[PDB]
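Engineer: coordinates for the following, if possible.
(one chain, ligands or ions: 8)
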Amino acid sequence: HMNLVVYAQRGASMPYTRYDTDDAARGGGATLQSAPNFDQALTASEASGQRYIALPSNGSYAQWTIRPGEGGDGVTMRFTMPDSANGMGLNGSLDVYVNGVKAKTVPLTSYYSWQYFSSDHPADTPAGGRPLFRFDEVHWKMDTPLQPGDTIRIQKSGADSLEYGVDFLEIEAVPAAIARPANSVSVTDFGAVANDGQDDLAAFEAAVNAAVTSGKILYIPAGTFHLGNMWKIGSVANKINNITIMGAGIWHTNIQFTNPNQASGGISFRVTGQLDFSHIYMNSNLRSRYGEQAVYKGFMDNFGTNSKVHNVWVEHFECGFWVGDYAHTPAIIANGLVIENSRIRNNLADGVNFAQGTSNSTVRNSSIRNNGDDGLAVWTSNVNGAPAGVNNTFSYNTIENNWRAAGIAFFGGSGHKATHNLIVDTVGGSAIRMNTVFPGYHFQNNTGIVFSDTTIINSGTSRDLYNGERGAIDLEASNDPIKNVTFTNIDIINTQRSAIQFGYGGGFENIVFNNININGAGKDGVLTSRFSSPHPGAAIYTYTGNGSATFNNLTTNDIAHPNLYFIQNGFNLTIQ
Ligand SMILES: [Ca+2]
Ligand SMILES: [Ca+2]
Ligand SMILES: [Ca+2]
Ligand SMILES: [Ca+2]
Ligand SMILES: [Ca+2]
Ligand SMILES: [Ca+2]
Ligand SMILES: [Zn+2]
Ligand SMILES: [Zn+2]
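Structural biologist: Numbers count the residues shown, from 1 in each chain. Ligands and ions are numbered 1, 2, ... in the order given. Below, you will see the structure:
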């Protein structure tokens, strides 16, 4: 089946509209906090547009008026609140008023968020370095839909001493719960109970077996279900052929993993045919990456052939998705997986990684927000003899508030493309990056990779986790060359340092940039440089003399660097 959405020209098409910082009236002690120079010491460096509303004291509020033609009963809020001294987080709340009537007290926590950097590896307590992941999200449903002209106010109460921050609200109409399909099995048929705080994983496991035995859809009805360990769907020894698992909607069905330990939450698929998983919100009890040993991604392992995971909402996992087989020799692969119409946010590392030879697979029309490593990545690893991943696609996505690495990244293989994306407000990194720094296949047999039709805003950096600059588009020939890449119809707006950056010595071959518009660079004002002599941010920057790149129809405006380009001697740059 096709999960139909009329796509936007660039970015994802979602049912919410945004009520952002400058749309709000502030009062009662609320203040505007901003980081216009992108200084990562400031919490506001991680707010959208580097601006948010601080609610420091009882009575401080941010208030929005619903616009004509907008509204709804589903509200998402991007917020910040302090961590605890021991890094376990604090619990708190904010109050919601509609037209002056108190509607909700929304519980809040900093448990999931806050990661600390004194190296390129995060630490879990404030003693471990400088903070990132300072913002997080919650969502809730109103008893009645907000209507044009309504005012919705977020207000700090007398409950505690904590200073909260509110970045934005996103507001949407919530459809009713999706009906139980005919001749399906439900987790409640096997003892699961919604909303009782009791563990449902035994019932979920039994329901999977019954669905597979009967060939029936597995339905998860509306409500919150609690799973006290990893949900393993099939086993390596007894893999599942085909399975369909459907909830009642991202606003109705919540899967809450309750176990904070390593390898103790998320979903592990052991599927060889087609899985279809949809219409579910999932949350973790995870606050640490466990040094890449968390084994606690939202969706993991064997995704089969022409599978779909669509219309899901997942947050606070190690990664949103990690697609890749580590259990077979030679490795098996997912082929033709489609991830679409989904919200993959606030994870401690990658939003989605297509690894271990994952091929012909796609992430599209999705919101990829506030993740702690590459938003969407293809890592063509080769553990256990996995083949090179080829022909993966990241298109029509809105990728916002990345706080490590890049919004989109390719690390090897052939034929990947990323088109029609909107990439906004990266921190410590790039909208787009490629490198050859990781194990596995690189680009020697790449027939061509394409980036196109993409808008990049407020991205690039002067301070990644190595205290160095990165381009809004960053290409690094770390060991092997970057080869056969085309960028077409890219708008790069208000870049922090340099818009396009090339470096390391592995080589740059057949790199073409067509119809590029660069409007604003060097906006962070930083002049110190990891790689080179001091310089304002440029339109094009290289810190290697080994490479070539060709630009056709380049336009520039508002470039901090007076020379427009800052090219190391030896690099062959053509601009025509
Ligand atoms: Ca659907
Ligand atoms: Ca903002
Ligand atoms: Ca934390
Ligand atoms: Ca239960
Ligand atoms: Ca990563
Ligand atoms: Ca032109
Ligand atoms: Zn489906
Ligand atoms: Zn490590």
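Engineer: quick check: next helix or strand after the longest strand anywhere in the chain?
Structural biologist: Criterion DSSP state E: the longest strand present in the chain is strand 508-521. Downstream of strand 508-521, the next assigned helix or strand under DSSP states H and E is strand 540-542.
Engineer: can I get the next helix-or-strand element following that following strand in PDB, CA atoms only?
Structural biologist: For strand 540-542, the succeeding helix or strand toward the C-terminus, using DSSP H and E, is strand 548-559. What follows is strand 548-559 as a C-alpha-only set of coordinates in PDB (Å, rounded to 0.1, in the frame of the first residue of the first chain):
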ATOM      1  CA  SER A 548      39.400  19.400  -7.900                       C
ATOM      2  CA  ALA A 549      35.800  20.800  -8.000                       C
ATOM      3  CA  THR A 550      33.700  22.400 -10.700                       C
ATOM      4  CA  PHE A 551      31.000  25.000 -10.100                       C
ATOM      5  CA  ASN A 552      28.500  25.900 -12.800                       C
ATOM      6  CA  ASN A 553      26.100  28.800 -12.200                       C
ATOM      7  CA  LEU A 554      27.200  29.800  -8.700                       C
ATOM      8  CA  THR A 555      25.700  32.800  -7.000                       C
ATOM      9  CA  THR A 556      27.000  34.500  -3.800                       C
ATOM     10  CA  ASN A 557      26.000  37.200  -1.500                       C
ATOM     11  CA  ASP A 558      27.000  38.500   2.000                       C
ATOM     12  CA  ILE A 559      30.300  36.500   2.200                       C
END
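Engineer: from the chain's centroid, how far away is strand 548-559?
Structural biologist: Its chain's C-alpha centre and that of strand 548-559 lie 29 Å apart, by C-alpha atoms, centre = their mean, to the nearest Å.
Engineer: same thing with stretch 293-302?
Structural biologist: Using C-alpha atoms, centre = their mean, the offset of stretch 293-302 from its chain centre is 16 Å.
Engineer: just stretch 112-130 next, same as before
Structural biologist: 19 Å.
Engineer: buried ones in that stretch?
Structural biologist: For stretch 112-130, a neighbour-count test (16 or more other C-beta atoms under 10 Å) marks 112-117, 122-126, 128-129 as buried. Heads up, the C-betas are built off the backbone N, CA and C, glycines and all.
Engineer: okay, buried residues for the longest strand of the chain please.
Structural biologist: Buried-residue list, strand 508-521, by 16+ other C-beta under 10 Å: 508-509, 511-513, 515-521.
Engineer: nearest to ligand 2, of those?
Structural biologist: Ligand 2 has its nearest neighbour among the buried residues of strand 508-521 in residue 520, at 18.3 Å by C-beta to the ion.
Engineer: wait, that closest one sits on residue 558?
Structural biologist: Yes. Applying C-beta atoms under 8 Å, one finds residue 520 in contact with residue 558, separated by 4.3 Å.
Engineer: may I ask which helix or strand encompasses the residue of the stretch 101-250 of the chain found nearest ligand 2?
Structural biologist: Using C-beta to the ion, the closest approach of the stretch 101-250 of the chain to ligand 2 is made by residue 167 at 4.6 Å. Using DSSP H and E, residue 167 sits in strand 164-172.
Engineer: ignoring the adjacent residues along the chain, who's closest to residue 467?
Structural biologist: residue 530 (6.2 Å; C-beta to C-beta, 6 or more residues apart in numbering).
Engineer: helices of this structure, start to end?
Structural biologist: Taking DSSP state H as the criterion, the chain carries its helices at 201-214.
Engineer: would you mind listing what in it touches ligand 3?
Structural biologist: 114, 287 (C-beta under 5 Å from the ion).
Engineer: just the terminal-to-terminal distance for stretch 499-519.
Structural biologist: One end of stretch 499-519 sits 9 Å from the other (C-alpha to C-alpha, to the nearest Å).
Engineer: ugh, wrong one, stretch 382-402
Structural biologist: Length of stretch 382-402, first residue to last, C-alpha to C-alpha: 27 Å.
Engineer: that stretch: which residues count as buried?
Structural biologist: Buried, per 16+ other C-beta under 10 Å, within stretch 382-402: 382, 386-402.
Engineer: can you count the residues close to the one residue in the stretch 451-576 of the chain that gets nearest to ligand 2?
Structural biologist: Closest to ligand 2 within the stretch 451-576 of the chain is residue 458: 10.9 Å, counting by C-beta to the ion. Using other C-beta atoms under 10 Å, residue 458 has 23 other residues around it.
Engineer: residues contacting it?
Structural biologist: 38, 49-50, 424-426, 493-496, 523 (C-beta atoms under 8 Å, 6 or more residues apart in numbering).
Engineer: so which of those residues belong to strands?
Structural biologist: Checking those against DSSP E, those in strands are 424, 493.
Engineer: how about TSV for the contacts of residue 458, with distance to residue 407 added?
Structural biologist: Formatted as TSV, these follow (distance: C-beta to C-beta, whole Å):
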residue	distance to residue 407
38	16
49	16
50	17
424	8
425	10
426	6
493	14
494	15
495	13
496	14
523	18
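Engineer: do you know how far whichever residue of the stretch 451-576 of the chain sits closest to ligand 4 is from ligand 7?
Structural biologist: With C-beta to the ion, the shortest gap between the stretch 451-576 of the chain and ligand 4 falls at residue 465, namely 40.4 Å. Distance of residue 465 to ligand 7, computed by C-beta to the ion, to the nearest Å: 38 Å.
Engineer: quick check: phi and psi on that residue?
Structural biologist: Dihedral pair for residue 465: phi -80, psi 0, per degrees, to the nearest 10.
Engineer: what residues does this structure have near ligand 4?
Structural biologist: So the chain meets ligand 4 at 193, 196, 198, 200 (C-beta under 5 Å from the ion).
Engineer: which of the residues you listed are buried? Put it as a PyMOL command.
Structural biologist: With 16+ other C-beta under 10 Å as the criterion, this PyMOL line picks the buried residues out of the residues of the chain next to ligand 4:
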select buried, resi 200
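Engineer: now, which of the residues of the chain next to ligand 4 sits nearest residue 13?
Structural biologist: residue 200 (33.2 Å; C-beta to C-beta).
Engineer: list the contacts for that closest one?
Structural biologist: With C-beta under 8 Å, 6+ apart, residue 200 has these contacts: 187, 191-193, 225-227.
Engineer: contacting residues for residue 499?
Structural biologist: 460, 471-473, 492, 518, 521, 537-540.
Engineer: in TSV: the residues you listed, plus distance to residue 77.
Structural biologist: Formatted as TSV, the contacts of residue 499 follow (distance: C-beta to C-beta, whole Å):
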residue	distance to residue 77
460	28
471	32
472	28
473	32
492	30
518	34
521	33
537	33
538	38
539	37
540	39
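Engineer: and residue 94, how many neighbours?
Structural biologist: 26.
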